[PDB]
Structure formats: structure tokens, C-alpha cells
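Input: a single structure, listed below in C-alpha cells.
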Amino acid sequence: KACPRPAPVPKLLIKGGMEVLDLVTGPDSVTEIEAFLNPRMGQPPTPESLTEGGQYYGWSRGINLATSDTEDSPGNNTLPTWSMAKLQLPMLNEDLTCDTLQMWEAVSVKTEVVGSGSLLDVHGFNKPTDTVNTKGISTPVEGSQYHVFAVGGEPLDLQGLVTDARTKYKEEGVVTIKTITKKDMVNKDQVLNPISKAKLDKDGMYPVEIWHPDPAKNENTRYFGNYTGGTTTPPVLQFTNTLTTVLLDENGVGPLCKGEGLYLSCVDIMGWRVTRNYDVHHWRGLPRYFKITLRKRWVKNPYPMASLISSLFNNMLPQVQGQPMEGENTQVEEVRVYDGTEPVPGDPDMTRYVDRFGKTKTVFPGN
Amino acid sequence: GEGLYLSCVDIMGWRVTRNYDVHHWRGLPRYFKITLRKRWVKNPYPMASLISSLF
Amino acid sequence: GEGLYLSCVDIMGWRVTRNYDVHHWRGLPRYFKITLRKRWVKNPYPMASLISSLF
Ligand SMILES: CC(=O)N[C@@H]1[C@@H](O[C@@H]2O[C@H](CO)[C@H](O)[C@H](O[C@]3(C(=O)O)C[C@H](O)[C@@H](NC(C)=O)[C@H]([C@H](O)[C@H](O)CO)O3)[C@H]2O)[C@H](O)[C@@H](CO[C@]2(C(=O)O)C[C@H](O)[C@@H](NC(C)=O)[C@H]([C@H](O)[C@H](O)CO)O2)O[C@H]1O
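Protein chains in written order, with PDB author numbering: chain B, 17 to 383; chain F, 275 to 329; chain A, 275 to 329.
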């Protein structure tokens with residue numbers, strides 16, 4: 017009966033995988049999606065065998081240097097590429113009545129990179145600590161590191177700037193500024209080419225070396241990360257299931273998945289591993305976790321029904337082709353409009369316009 | 275859609291050649307008389323799914 | 275004088291030529307999202323002719 021009533025915690029409906037989503041939620045109903053992206057830089061999954069792909073999985077293959085100032089061709093596995101994905105969500109409701117709809121609104125996200133522990137394997141064949149007698153530790157992951165990520169209701173808008181516009185990237189299997197823009201790179205790309213901007217339309221494809229989170233004047237993604245240059249530089253990481261972050265925006269908005277898709281995107285270099293063999297300096301990354309908490313938010317519909325309805329219904333008419341009644345040579349020399357009834361003017365050939373707001377007895381022709 | 279789907283089969287069996295044993299077999303046709311009405315349902319849709327289509 | 279004045283510098287350090295020790299240092303660019311409003315003030319011209327000119 018009155019056995020003291022426990023604390024009120026929010027009630028979980030059901031859990032499991034994406035399908036759980038399928039179930040009608042209601043409206044305040046929240047969803048937590050834990051997922052993760054594997055780090056994709058260089059050696060791709062596919063050669064599952066540790067012989068053929070020598071399981072350099074999640075590893076820059078080797079480091080394809082360059083001929084000299086003139087020729088820089090980097091291998092396609094000497095190229096850590098932005099890792100990402102998109103979550104497909106249910107569709108929520110309408111009210112064409114109030115021309116308003118609800119959308120999947122991301123709010124906070126816990127995230128974490130895992131495997132920092134792995135960087136403690138110090139046997140194996142890496143350059144030994146003491147080269148001399150060939151002793152020590154098989155020298156750990158060291159070097160530059162980079163970690164960035166984002167979350168959004170549409171893919172990530174990026175900008176590329178490269179070190180050398182002359183780099184011989186392949187036209188094949190990677191998206192380069194060229195790949196996006198036909199015309200080879202110029203010095204501008206090399207610094208801030210307002211042209212050289214793409215989208216995250218692909219994956220494990222645009223390499224980080226090129227593409228960057230472009231602060232479009234506009235954005236529905238929240239991103240961040242950082243660079244930590246250097247050659248010896250030690251790796252550092254953060255283990256914690258304690259912290260949540262706010263994908264929330266300044267008006268208390270956070271992203272909203274237009275296209276019921278949630279978009280994760282990130283990158284995680286810990287630095288290079290180095291073969292005892294030679295200075296085959298290939299770099300490593302770790303996978304990242306994500307815990308997105310999104311709600312249902314009501315939003316004023318952007319574009320007016322009618323328009324769409326009828327924008328559609330008109331694009332169905334047969335196509336016509338025929339003489340120009342618009343363009344630069346409209347065969348229309350004229351158009352007036354009236355609604356009112358002023359009494360007879362004076363000058364009949366008077367003109368009349370309304371502009372930016374106001375309607376005027378056009379200037380007596382003779383300015 | 276506004277579709278009425280009829281579907282069937284009617285194997286009677288083997289017709290066998292006064293020859294060897296080419297059992298090539300016969301079927302017959304079928305007739306249908308569907309009696310149907312007009313019923314109100316709740317629309318299973320979100321019209322602005324086209325707005326979603328747009329996005 | 276209706277001018278927004280942006281200014282900055284972003285030296286990242288040097289790139290050293292596989293050669294001799296030439297060191298050319300690299301820079302990077304900078305985004306800016308200036309948030310600005312309109313504010314009210316007092317007319318300064320009322321400080322008359324010789325009363326504030328070469329004063
Ligand atoms: C698989 C292989 O070894 N291919 C040769 C290339 O050498 C390898 O290049 C890879 C990048 O493409 C890696 O950097 C390799 O490094 C590792 C590796 O992971 O594979 C690093 C490992 O530490 C090491 N493992 C061990 C235990 O030592 C491995 C190991 O050697 C192998 O896994 C096998 O055991 O090596 C690195 O060795 C070599 O770079 C390529 C050149 O490729 C291209 C290019 O520049 O992209 C391909 C072009 O198509 C070609 N041009 C034409 C017209 O074909 C050019 C051209 O030949 C070149 O510019 C002139 O030399 O080369 O060749 C492979 O033979």
C-alpha cells in the first residue's frame with residue numbers, strides 16, 4: 017500500500033535498436049541513440065585477413081613520400097579521411113492546419129573515443145627504444161594528433177585548404193578540391209578558397225588533410241575538435257561516461273534533422289606508429305562513440321504548402337517550347353494593372369510604380 | 275493507389291500427344307465479379323512528407 | 275566612420291625544406307562572425323566653429 021514511493025525517474029518505454037524508434041512515441045518522448053563510428057583513415061576494412069591487408073586496419077597504410085618539390089603524390093592509404101554516417105529516423109506529425117510540423121531535434125551528446133588503452137602495447141615491431149642493441153620498447157604511438165567531430169541535421173559543410181596546391185592527389189577514390197572542382201587547385205585553395213567548399217556527401221573519402229569544417233555563415237551541425245602538431249608529441253585522451261554536451265543552439269535549439277537523418281562526423285588521430293623496419297611512419301586512429309539525445313520539436317513550416325502543392329502540379333504541364341515572353345528579349349513591350357478608379361488624370365501617358373514599399377505618380381516624365 | 279488486383283491460375287492437367295509422351299498441359303480462364311464500395315479511412319499519411327521529400 | 279575593422283595574425287610555425295635549413299613559416303586564415311547592432315549617440319557638431327576646431 018503506502019510502502020514509501022521511490023524517486024520519479026523518466027520511464028523508459030522500450031529499448032533496443034533503431035526499430036524501437038518505429039513505435040509511436042508521443043510528443044515529449046525521448047530517444048537515446050548510442051552509436052559509433054569506426055576511424056577510417058587509409059587501410060579500409062575489406063581485406064579482413066591480417067595477411068593480405070596485413071591488418072593495418074584502422075591504420076594509415078605506409079607513408080608515401082614525395083619525389084621532390086615538383087612531385088608529391090601521396091598514396092590513397094597515406095590519407096586519413098573524414099569518418100562519418102547518417103542515422104535514419106521516423107517521420108513525425110503535421111498540422112497543415114497550423115502549417116506547422118515537428119522535427120527530430122538533437123540536443124546533447126555524450127561522446128568518447130575509445131582505446132587509448134591500446135596505446136600501451138609496447139612489444140611488437142616498432143622502432144625499438146634503444147636502436148643500438150635493438151632494445152627497449154617498441155616505441156608507442158606518438159606524433160601529431162587530431163580529433164574533431166560534429167553532429168547535425170544535415171551533413172557537414174566543409175572547406176578545403178591544402179598545404180600544396182600542387183599535390184598529386186588522385187582523381188580516383190578520394191574527394192579532392194579537384195574532384196569537387198574540375199579545375200585543378202590554385203594558390204587560393206592553398207589558403208582559403210571560397211570556392212573550394214564541399215559537403216560530406218561521401219565518407220572515408222574526403223581526407224582531413226584537405227577538408228575542414230567550414231564555418232559557413234550558416235550551420236545546423238555543431239562541431240569541434242583540435243590540432244596538436246608535432247613529431248614526438250605525446251597522445252592524450254579522456255575516458256568518460258560522465259559528460260554530456262550541448263548540441264543546443266543559442267536560441268535553445270540545437271540541430272534538427274531535416275531529412276529525418278541525424279548526421280555524425282568525426283576524426284581521431286593519435287599519431288604515427290613507426291616500423292622498426294625503417295621509417296615507415298604510418299599513423300593510427302581510434303573509434304568514437306555517440307549518445308544523442310533528441311526530442312520532438314514543433315516548428316513553423318518553412319515553405320508554404322500551396323507553393324509546393326501547386327509548384328508540383330504546374331511542373332506536370334507539357335513542356336513549352338516557344339517564343340520568349342520573358343528573358344532578355346521578351347516580346348512583351350508592356351504591362352499595366354489597375355484596381356482602383358481615380359478620376360481622369362491629366363497626362364494620360366503617365367507612368368506609375370510602387371517601389372520598395374511606396375506607390376507613386378511616376379515622376380513627370382521630364383526629370 | 276486505386277488498384278484492384280486480380281491474380282490466379284488454373285491448371286487442369288496434362289494433355290498428352292498421340293505420339294510419344296509430350297505431356298504438354300492445359301489451363302482454363304477465370305472470371306471475376308468484384309463488388310466493391312467506397313470507404314472512409316484515416317489517411318495513413320503526412321502530406322508535408324513531401325516537404326520532407328523536398329529536404 | 276561606418277567602418278568595421280578586422281585585424282589578425284596566425285603564424286603556425288615553420289616548414290623546413292628537405293634541403294638546407296630554409297625555414298618558411300606557415301600561416302592560416304581566419305573566419306569572423308561579427309554581431310553588430312545600432313546604437314544611439316549625441317550630435318558632436320554642436321561643439322561650434324572655433325570653440326573646438328583647432329583647439
Ligand atoms: C603493397 C605495396 O607494397 N605496394 C608498393 C608500394 O609500397 C608501399 O606503398 C604503400 C602505399 O601505397 C604503403 O606505404 C606501403 O607501406 C607498408 C604497407 O603498409 O604496405 C608499411 C608496412 O610497415 C610494411 N610492412 C612491413 C611488414 O614491412 C608494408 C609492406 O612492405 C607491405 O605491406 C608488404 O609486406 O609496407 C609501402 O611499402 C609503393 O609505394 C607503390 C607505389 O604506388 C604508386 C603510387 O605512387 O601511388 C601507384 C601508381 O599507380 C604507380 N604508377 C603507375 C603508372 O602504375 C606509382 C609509380 O610506380 C611511382 O610513382 C614510381 O615508383 O606508384 O608500389 C607498390 O609496389
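Ideal Cβ positions, reconstructed from N, Cα and C, are used throughout, including at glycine.
Check                                                                                                                   : Outcome
Contacts that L324 of chain F makes with chain B (C-beta to C-beta distance below 7 Å)                                  : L324
Run of the beta strand (DSSP E) containing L117 of chain B, from where it starts to where it stops                      : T116 to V129
Residue nearest to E276 of chain B in terms of C-alpha spacing, selected from B:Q254, B:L263, B:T244 and B:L310         : B:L310
Supposed contact pair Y239 of chain B and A166 of chain B - C-beta distance, whole angstroms, cut 8 Å                   : 3 Å
Check: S89 of chain B C-beta below 8 Å from any heavy atom of ligand 1                                                  : yes
Meets three-Cβ-pair contact criterion under 8 Å: the segment 209 to 222 of chain B and the segment 88 to 107 of chain B : yes
Nearest to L302 of chain A (by Cα), restricted to the options B:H228, B:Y305 and B:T256                                 : B:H228
Cβ contact (3+ pairs, closer than 8 Å) linking the segment 244 to 254 of chain B and the segment 152 to 170 of chain B  : yes
Residue(s) in a DSSP beta bridge with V348 of chain B                                                                   : Beta-bridge pairing links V348 of chain B to no other residue.
Proximity test, Cβ basis, 9 Å: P318 of chain F and chain B                                                              : no
Under 9 Å between C-beta atoms of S281 of chain B and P210 of chain B                                                   : no
Cutoff 9 Å: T237 of chain B Cβ touching any chain A Cβ                                                                  : no
Amino acids of chain B, ordered along the chain, whose beta-carbon sits closer than 7 Å to that of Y305 of chain A      : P231
Collapsed DSSP secondary structure at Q175 of chain B in the structure displayed                                        : strand
9 Å Cβ cutoff, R311 of chain A in contact with chain B                                                                  : no
CB contact below 9 Å: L259 of chain B versus chain A                                                                    : no
Where the beta strand (DSSP E) containing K102 of chain B begins and where it ends                                      : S99 to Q104
Beta bridge counterpart(s) of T261 of chain B as assigned by DSSP                                                       : B:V125
Cβ-heavy atom distance, residue 4 of chain B to ligand 1, below 8 Å                                                     : The question about residue 4 of chain B has no answer, for chain B in this structure spans 17 to 383.
Own chain residues within Cβ distance below 7 Å of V138 of chain B, not counting five before or after                   : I153, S154 and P156
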